[PDB]
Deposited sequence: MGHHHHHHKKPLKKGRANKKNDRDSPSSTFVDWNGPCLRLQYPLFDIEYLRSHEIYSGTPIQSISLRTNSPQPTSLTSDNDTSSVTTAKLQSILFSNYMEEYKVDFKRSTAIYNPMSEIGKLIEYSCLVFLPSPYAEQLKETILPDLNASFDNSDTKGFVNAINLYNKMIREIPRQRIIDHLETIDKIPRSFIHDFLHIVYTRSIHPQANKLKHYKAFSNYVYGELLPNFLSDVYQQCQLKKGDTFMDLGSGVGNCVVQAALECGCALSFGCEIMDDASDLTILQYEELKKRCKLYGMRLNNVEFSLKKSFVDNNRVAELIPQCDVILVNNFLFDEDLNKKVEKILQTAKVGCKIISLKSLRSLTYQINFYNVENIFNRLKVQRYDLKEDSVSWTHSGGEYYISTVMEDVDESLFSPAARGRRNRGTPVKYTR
């Protein structure tokens, strides 16, 4: 017996108004146009928990592949999240005992008819709950499963990025533009280590399709989550994903703080990047495949960072043998505290295990030390 979500996972503390209660109380009809899963390439419709008029159709096939994007897996997670997060006692009980056991078994056994029956039973039960009870409950939530945002973002991702993922892997003349992804759990760990919080400014130099930027906004409520990406197709996919994300957020009454991108342009000699650096609290840069030249450019860009700013990277920013001399006396690298960490399993897309990452903090004074002596179920 297993669950679609880890009911024992870590819970995230909400440090900003994630659910817009007034919006929900004033909006009962969803008019958004989210990408329906069934449009990607037996069926069942999943009834929206908050909007009576919304239902999404999923293709249900335990034979036809599955794996990577698994429609049934998403449903299992959504239905469980209802029981875990969106329902008030008592209904959370009825749902928990009445649907989950059969939903999970039917799944594990590749039992189509049983799986669909559990879904249809889930829909019937959900429609019997007074809407205002669900909303009144959301209003009390102060903590949520760390996996919620991850799974919520994965849904958006399966809909907007996955279908055209191949466009992100076109022949790369330079390693500088090779696409690599930092994964959700790694991002969650690192944002926490840097204490990314409400009102902060977050920047991702080389944002890819925006995964790191949107996660920063959703899980920390940053005043501004910004990303710059130069590749054309990564940039188009960023727009599609961003668009789908806004619709899904509305479907769940979630607030999405300011998200901004500087697309199809270099972050080098980028005036918006330059004007934002000084106010950034956290700067992320996956320089794993960056060459010496580019790293030098990144170095230049970071010169105006403020005291306290934390920079996350996969390769140290400062040469391991960086010693203060006479040609680098004013470089911000001189007052940067560097801390190395081991990469946990499956933190990045290019490797299963191994590796490391760094968190460099901008300190007020210089470091004397530098002077010379003289993309699965649970139990």
So which bits of the deposited sequence did not make it into the model? 1-26, 68-85, 419-424, 426-428, 433
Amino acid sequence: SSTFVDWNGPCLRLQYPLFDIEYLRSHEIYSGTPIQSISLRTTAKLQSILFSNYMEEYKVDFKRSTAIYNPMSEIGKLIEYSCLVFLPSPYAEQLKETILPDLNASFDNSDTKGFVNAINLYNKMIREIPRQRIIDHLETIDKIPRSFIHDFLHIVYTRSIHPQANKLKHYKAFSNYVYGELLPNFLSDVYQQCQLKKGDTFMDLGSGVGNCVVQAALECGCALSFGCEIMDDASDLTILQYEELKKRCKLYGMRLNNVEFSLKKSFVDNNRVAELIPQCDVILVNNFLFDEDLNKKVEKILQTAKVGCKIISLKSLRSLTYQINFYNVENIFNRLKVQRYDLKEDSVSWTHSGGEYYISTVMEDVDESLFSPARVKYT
From here on, numbers count along this sequence of modelled residues.
Averaged over C-alpha atoms, is the B-factor higher for 164-172 or for 283-291 in this PDB entry? 164-172
For the stretches 91-99 and 186-194, which has the higher mean C-alpha B-factor as given in the deposited record? 91-99
Candidate set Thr42, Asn53, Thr33, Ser37 [ranked by C-alpha B-factor, highest]: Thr42
The residue of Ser82, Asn109, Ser266, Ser147 with the maximal C-alpha B-factor according to the PDB record is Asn109
Looking at the temperature factor on the CA atom of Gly114, which third of the chain's modelled residues does it land in? highest
Consider only the C-alpha atoms of the modelled residues in this chain, order them by B-factor as the entry records it, and name the third containing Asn331: lowest, middle or highest. highest
Just say lowest, middle or highest third for the CA B-factor of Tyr357 relative to the other modelled residues in its chain. middle
Which third, lowest, middle or highest, does the C-alpha temperature factor of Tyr23 belong to within its own chain? lowest
Rank-wise, by C-alpha B-factor, drop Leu314 into the lowest, middle or highest third of its chain. middle
